[PDB]
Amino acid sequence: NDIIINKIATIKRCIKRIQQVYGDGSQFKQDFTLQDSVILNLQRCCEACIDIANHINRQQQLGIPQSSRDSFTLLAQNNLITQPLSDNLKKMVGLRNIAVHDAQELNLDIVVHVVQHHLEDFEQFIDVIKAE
């Protein structure tokens, strides 16, 4: 569907922007502007994923998502994403929430860990959805 094609494109665009902005990491913990760019592009990835989840749930009538988190749990209980990936996406939403709404309690090492090891959670989500 056309909507999922554009959300997957947005996720693609944002991942590289994260990559391209985080470069080697030598300046990320230092510069507020590279933290802002990385954090804002993680949010967009999260929202594009949430919108895919909300779109599938509505149009195949698996339920009404109360929140962004349950939108991924309903996809998991109908076995269209693996449980492990559901919880990773659910925990990425929560890190963004701390990252955008309360950055002075944000552990940037978590963001660096997510940047280095967890961006394929998004890409694993895209490979599942796309392999419908």
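In this text, residue numbers run from 1 along the sequence as written.
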Can you tell me whether 79-87 has a higher mean C-alpha B factor than 38-46 in this record, or the other way round?
79-87
Modelled-residue ranking by C-alpha temperature factor, third containing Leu106
highest
Modelled-residue ranking by C-alpha temperature factor, third containing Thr10
lowest
Pull the Cα B-factor of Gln66 out of the PDB entry and bin it into the chain's lowest, middle or highest third.
highest
Comparing against every modelled residue in the chain, figure out the third that the C-alpha B-factor of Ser26 lands in (lowest, middle or highest).
highest
